[PDB]
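Have a look at the structure below, then the notes.
Protein chains: 2
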Amino acid sequence: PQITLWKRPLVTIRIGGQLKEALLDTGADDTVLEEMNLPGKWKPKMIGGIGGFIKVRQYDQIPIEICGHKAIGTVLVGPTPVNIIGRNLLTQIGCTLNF
Amino acid sequence: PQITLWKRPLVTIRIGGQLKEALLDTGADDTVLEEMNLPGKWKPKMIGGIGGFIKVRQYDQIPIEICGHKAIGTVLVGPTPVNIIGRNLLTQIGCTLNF
Ligand SMILES: CCCCCN(C[C@@H](O)[C@H](Cc1ccccc1)NC(=O)[C@@H](NC(C)=O)C(C)C)S(=O)(=O)c1ccc2ncsc2c1
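The listed protein sequences correspond, in order, to chains A and B. Take this note's numbering: the final residue in the first sequence is number 100, and no numbers are missing along the way. Take this note's numbering: the final residue in the second sequence is number 100, and no numbers are missing along the way.
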């Protein structure tokens, strides 16, 4: 698809068999989802943005289907204000900015 | 142009005829610039990010050029670690996400 930006670029994702809404975020290095259960071992990590740093759980090699496009990559889980799809997965789905 | 997302989508912007590097950020509602001493009236505002809120100064109707594309709108100024071009300006330059 081509997505304009008059509204937040929210899309439906499927992860660990569950549907969620997530923001396509070119300003995010990493993909960060709200607290949830994922299978496998996680590593404690910290990430930062505006407002400072939070503690997250890093899950590696996690399949996510984003708007019908498959990705398998690193997914951080923690107290993010919104589900964020970052550049690590946006590149996997062939997403670019155009103007 | 087309901008891939292998690295942060940083571009040159002009504000006050002065050049700066800024992130093209689809996850940002508003435009947030690092501390700078812009002339004119402003309003205090709080904006929320991954780790909490920061205090910003809201300036209205500020001309900005983004990659040689003219825009004019609201710019928030405050202690952000990176200059952020948000959707309020991205729409004005015809920027889309595409995959
Ligand atoms: C929480 C709501 C959704 C994300 C919003 N952020 C934009 C986001 O792209 C920032 C943009 C950003 C802010 C600060 C440093 C680096 C990028 N990225 C990050 O926080 C990421 N951090 C990094 C390092 O990529 C995380 C998600 C991994 S934001 O920067 O917090 C933001 C920007 C503009 C704006 N206007 C009104 S509220 C508001 C909030």
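Heads up, the beta-carbon is just placed ideally off N, CA and C, and yes, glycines get one too.
The residue among B/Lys-21, B/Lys-56 and B/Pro-80 with its C-alpha nearest the C-alpha of B/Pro-45 is B/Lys-56. Residues of the same chain with a CB within less than 6 Å of the CB of A/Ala-23, apart from the 5 flanking positions on each side, are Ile-14, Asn-84 and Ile-86 in chain order. CA-CA distance, B/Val-78 to B/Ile-63, rounds to 12 Å. The three-state reading of DSSP puts B/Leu-6 in coil, since its state is none of H, G, I, E or B. According to the DSSP assignment, A/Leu-39 belongs to no beta strand (DSSP E), since it is labelled neither H nor E. By the Cβ neighbour-count rule, B/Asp-61 is exposed, with fewer than 16 other Cβ atoms within 10 Å of its own. Runs of the beta strand (DSSP E) lying entirely within the stretch 24 to 97 of chain B and spanning at least 3 residues, in chain order: 44 to 50, 53 to 67 and 70 to 78.
Of all residues in the stretch 48 to 71 of chain B, those with a C-beta nearer than 8 Å to a C-beta of chain A are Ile-48, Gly-49, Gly-50, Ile-51, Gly-52, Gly-53, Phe-54, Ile-55, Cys-68 and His-70, reading in chain order. Under the 10 Å beta carbon count, B/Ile-51 is surrounded by 16 or more other beta carbons and is classified as buried.
Listed in chain order, the positions of the stretch 31 to 42 of chain B with a beta carbon within less than 9 Å of a beta carbon of chain A are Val-33. About 6 Å separates the beta carbons of B/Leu-25 and B/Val-12, which is inside the 8 Å limit, making them a contact pair. The CB of B/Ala-29 comes closer than 7 Å to the CB of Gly-28 in chain A, given here in chain order. Residue burial is scored here from C-beta neighbours: A/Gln-59 has at least 16 other C-beta atoms within 10 angstroms and is therefore classed as buried.
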